[PDB]
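These notes are about the structure you will find just below.
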Amino acid sequence: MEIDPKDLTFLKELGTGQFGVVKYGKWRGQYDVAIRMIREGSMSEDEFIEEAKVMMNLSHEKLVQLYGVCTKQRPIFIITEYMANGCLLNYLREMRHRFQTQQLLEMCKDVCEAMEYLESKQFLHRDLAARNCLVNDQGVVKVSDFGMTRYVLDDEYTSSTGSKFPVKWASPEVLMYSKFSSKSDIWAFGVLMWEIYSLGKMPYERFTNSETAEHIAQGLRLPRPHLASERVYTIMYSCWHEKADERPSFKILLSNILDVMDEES
Ligand SMILES: Nc1ncnc2c1c(-c1ccc(C(=O)Nc3cc(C4CC4)ccn3)cc1)nn2[C@@H]1CCCN(C(=O)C2CC2)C1
């Protein structure tokens, strides 16, 4: 819903993200929130504004809750649940020696649950990666920036060969045909699991995007992380089937995760 900035306070700078500056503040006093100022010239605003009303009705504990927007000025403000520990990618790296494999699997359950709710709403992420997941003050991980890439004007961020396209998270059918589906979000989730258990290493760090694309197309798969059991690896490996329909749904995936958690007791 629309928000009068009168009911907001700017308290701290959190840094510039993929879609503009973000600041910490309070909404209506009692809501810790993160306010993003959409970078001007980056988004198809009318399409994006109208779609924001659709994404507002998406609610889930493991989704960064959206509280409202300020759109009758530019730059647009986006008011979101405040995730105190910031991006999951950077949270993983700074606290590398503070994670037991039980906490890592938990982080995968958090994301998978959020992605299982998005699956059931027939809503695609299109850029699932650790850089788009956030962590709150209680160590819980939540997904964000889902569907945001549909309204990016830069063709580098959108085309399969664009210099900014997330090739290292993309399934073969996204690279060759641009066929986005929940199955492509599943491939991406597999890569995300590998990010988590790797404690934030760049997937295929030493491959050019092209080198990655062709190797992926011919069967290359990320190596088993050191902290991942062969059972955890089996789960993230199933996300990487060449055939999309051969990949398990987030529902089938979440169950497998819980089976592993139970066996880690
Ligand atoms: N909520 C936070 N809490 C703490 N930090 C946060 C955030 C955020 C944030 C802010 C807004 C959004 C959003 O609008 N999502 C959305 C909107 C829509 C709307 C169309 C309907 C649809 C789907 N997703 C998503 C993330 N960004 N940031 C830092 C930014 C700088 C880099 N960051 C770091 O941590 C590095 C310093 C280590 C994270």
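In the structure tokens, the first chain shown is A, the next is B, and so on; residue numbers restart at 1 for each chain, and ligands run from 1 in the order shown.
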
Inset, instruction - For ligand 1, collect every residue having any atom at a distance of at most 7 Å from a ligand atom (counting only C-alpha atoms and all ligand atoms); output as a PyMOL selection string. - result: chain A and resi 14-17+21-22+33-36+48-49+51-53+55-56+64+66+78-87+90+134+144-148

Inset, instruction - Quick one: everything within 8 Å of residue 128 in chain A, counting only C-alpha atoms, minus sequence neighbours fewer than 2 positions away in the same chain. Send it as JSON, numbers by chain. - result: {"A": [125, 126, 130, 132, 146, 169, 185, 188, 189, 192]}

Could those residues be written to a file, using N, CA and C atoms, as a tab-separated table (two decimals), in the first residue's frame?
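The result, written out as again-v6.tsv:
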chain	number	residue	atom	x	y	z
A	125	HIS	N	11.16	-16.52	-9.63
A	125	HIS	CA	12.16	-15.58	-9.15
A	125	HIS	C	12.96	-14.99	-10.31
A	126	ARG	N	13.58	-15.86	-11.11
A	126	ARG	CA	14.33	-15.56	-12.33
A	126	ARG	C	15.77	-15.18	-12.03
A	130	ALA	N	22.53	-16.34	-3.80
A	130	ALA	CA	22.80	-15.93	-2.42
A	130	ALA	C	22.84	-14.41	-2.30
A	132	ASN	N	20.82	-12.41	-3.43
A	132	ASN	CA	19.45	-11.92	-3.33
A	132	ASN	C	18.74	-12.41	-2.08
A	146	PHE	N	12.48	-11.06	-5.93
A	146	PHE	CA	11.90	-12.03	-6.84
A	146	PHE	C	11.10	-11.33	-7.93
A	169	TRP	N	24.20	-19.20	-12.47
A	169	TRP	CA	23.03	-19.74	-11.77
A	169	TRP	C	21.97	-20.27	-12.73
A	185	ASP	N	14.29	-22.05	-11.59
A	185	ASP	CA	14.53	-21.61	-10.22
A	185	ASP	C	15.07	-22.74	-9.36
A	188	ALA	N	18.75	-23.00	-10.10
A	188	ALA	CA	19.36	-21.90	-9.37
A	188	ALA	C	19.46	-22.19	-7.88
A	189	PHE	N	18.42	-22.82	-7.32
A	189	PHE	CA	18.48	-23.18	-5.90
A	189	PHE	C	19.60	-24.18	-5.63
A	192	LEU	N	22.55	-22.26	-5.32
A	192	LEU	CA	22.50	-21.53	-4.06
A	192	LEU	C	22.93	-22.41	-2.90

Inset, instruction - Please identify all polymer residues within 10 Å of range 97-102 of chain A, counting only C-alpha atoms, omitting same-chain residues fewer than 5 positions from it, and present them as number ranges by chain. - result: A: 92, 107, 197, 199, 227-229, 232, 260-261, 264-265

Inset, instruction - Could you give me, as a ChimeraX atom specification, each residue of range 13-246 of chain A that DSSP assigns to helix (DSSP H, G or I) when run on this structure's backbone? - result: /A:45-56,88-94,96-98,101-120,130-132,148-151,155-158,167-169,172-176,182-197,209-217,230-238,244-246

Inset, instruction - Could you check how far CA of residue 54 in chain A sits from CA of residue 151 in chain A, in Å to one decimal? - result: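 Straight-line distance from CA of residue 54 in chain A to CA of residue 151 in chain A works out to 14.0 Å.
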
Inset, instruction - Using CA of residue 168 in chain A and CA of residue 238 in chain A as the two end points, give the distance in Å to one decimal. - result: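 Between these atoms lies a distance of 16.6 Å.
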
Please produce, as JSON lines, a per-residue contact table for range 88-153 of chain A versus range 248-255 of chain A (criterion: any atom at most 9 Å away, only C-alpha atoms considered), showing the nearest atom pair and its distance in Å to one decimal, sorted by chain then residue number.
{"residue": "A:108", "atom": "CA", "partner": "A:254", "partner_atom": "CA", "distance": 8.8}
{"residue": "A:109", "atom": "CA", "partner": "A:254", "partner_atom": "CA", "distance": 6.5}
{"residue": "A:112", "atom": "CA", "partner": "A:254", "partner_atom": "CA", "distance": 6.0}
{"residue": "A:113", "atom": "CA", "partner": "A:254", "partner_atom": "CA", "distance": 6.8}
{"residue": "A:115", "atom": "CA", "partner": "A:250", "partner_atom": "CA", "distance": 6.6}
{"residue": "A:116", "atom": "CA", "partner": "A:250", "partner_atom": "CA", "distance": 5.1}
{"residue": "A:117", "atom": "CA", "partner": "A:250", "partner_atom": "CA", "distance": 8.8}
{"residue": "A:119", "atom": "CA", "partner": "A:250", "partner_atom": "CA", "distance": 7.3}

Deliver the residues from the most recent selection as a file, using N, CA and C atoms, as a compact mmCIF listing (two decimals), in the first residue's frame.
# COMPACT_ATOMS: atom_id res chain seq x y z
N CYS A 108 19.25 -23.74 4.00
CA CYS A 108 18.67 -24.25 2.77
C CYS A 108 17.18 -24.50 2.93
N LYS A 109 16.76 -24.99 4.10
CA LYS A 109 15.34 -25.17 4.35
C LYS A 109 14.60 -23.84 4.29
N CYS A 112 14.28 -22.84 0.57
CA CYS A 112 13.40 -23.77 -0.14
C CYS A 112 11.94 -23.56 0.24
N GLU A 113 11.67 -23.31 1.53
CA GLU A 113 10.30 -23.02 1.95
C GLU A 113 9.77 -21.79 1.24
N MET A 115 10.77 -20.59 -1.55
CA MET A 115 10.63 -20.91 -2.97
C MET A 115 9.51 -21.90 -3.21
N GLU A 116 9.11 -22.66 -2.19
CA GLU A 116 7.98 -23.56 -2.34
C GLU A 116 6.67 -22.79 -2.28
N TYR A 117 6.63 -21.69 -1.52
CA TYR A 117 5.46 -20.82 -1.53
C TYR A 117 5.35 -20.09 -2.86
N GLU A 119 6.52 -21.21 -5.68
CA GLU A 119 6.12 -22.22 -6.65
C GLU A 119 4.61 -22.40 -6.65

Inset, instruction - For each of A:200, A:70, A:233, A:212, take the minimum atom-to-atom distance to residue 94 in chain A, counting only C-alpha atoms, then give the residue where this is smallest. - result: A:200

Inset, instruction - For CA of residue 136 in chain A and CA of residue 32 in chain A, quote the distance in Å rounded to one decimal. - result: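 Taking CA of residue 136 in chain A and CA of residue 32 in chain A, their separation equals 10.9 Å.
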
Inset, instruction - Return the single residue from A:204, A:263, A:77, A:65 that is closest to residue 10 in chain A, with distances computed using only C-alpha atoms. - result: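 Going through A:204, A:263, A:77, A:65 one by one, the smallest distance to residue 10 in chain A is for A:77.
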
Inset, instruction - Have a look at A:104, A:135, A:241, A:181 and name the one nearest to residue 225 in chain A; count only C-alpha atoms. - result: A:104

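Among the candidate residues A:167, A:236, A:88, A:176, the one lying nearest to residue 143 in chain A is A:88, with distances computed using only C-alpha atoms.
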
Legend entry - Shell around residue 244 in chain A at 12 Å using only C-alpha atoms, local window under 2 positions removed, as a PyMOL selection string: chain A and resi 170-174+179-188+238-242+246-249

With C-alpha atoms kept, could you save the residues just selected as a PDB file, in the first residue's frame?
ATOM      1  CA  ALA A 170      21.211 -20.487 -15.042  1.00  0.00           C
ATOM      2  CA  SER A 171      19.858 -23.780 -16.331  1.00  0.00           C
ATOM      3  CA  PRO A 172      20.689 -24.940 -19.873  1.00  0.00           C
ATOM      4  CA  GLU A 173      17.186 -24.076 -21.092  1.00  0.00           C
ATOM      5  CA  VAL A 174      17.563 -20.509 -19.808  1.00  0.00           C
ATOM      6  CA  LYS A 179      12.742 -20.656 -21.000  1.00  0.00           C
ATOM      7  CA  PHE A 180      12.178 -19.567 -17.398  1.00  0.00           C
ATOM      8  CA  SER A 181      10.200 -21.917 -15.166  1.00  0.00           C
ATOM      9  CA  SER A 182      10.073 -23.055 -11.568  1.00  0.00           C
ATOM     10  CA  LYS A 183      12.462 -25.744 -12.808  1.00  0.00           C
ATOM     11  CA  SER A 184      14.988 -23.046 -13.720  1.00  0.00           C
ATOM     12  CA  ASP A 185      14.527 -21.609 -10.219  1.00  0.00           C
ATOM     13  CA  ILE A 186      15.283 -25.122  -8.968  1.00  0.00           C
ATOM     14  CA  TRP A 187      18.569 -25.306 -10.866  1.00  0.00           C
ATOM     15  CA  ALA A 188      19.363 -21.896  -9.372  1.00  0.00           C
ATOM     16  CA  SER A 238      19.319 -33.315  -8.347  1.00  0.00           C
ATOM     17  CA  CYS A 239      18.583 -29.643  -9.054  1.00  0.00           C
ATOM     18  CA  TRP A 240      21.083 -29.809 -11.937  1.00  0.00           C
ATOM     19  CA  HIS A 241      19.460 -32.387 -14.208  1.00  0.00           C
ATOM     20  CA  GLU A 242      19.878 -31.429 -17.852  1.00  0.00           C
ATOM     21  CA  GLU A 246      13.678 -34.481 -14.400  1.00  0.00           C
ATOM     22  CA  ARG A 247      14.356 -31.923 -11.621  1.00  0.00           C
ATOM     23  CA  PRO A 248      12.413 -32.287  -8.350  1.00  0.00           C
ATOM     24  CA  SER A 249       9.949 -29.614  -7.318  1.00  0.00           C
TER      25      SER A 249
END
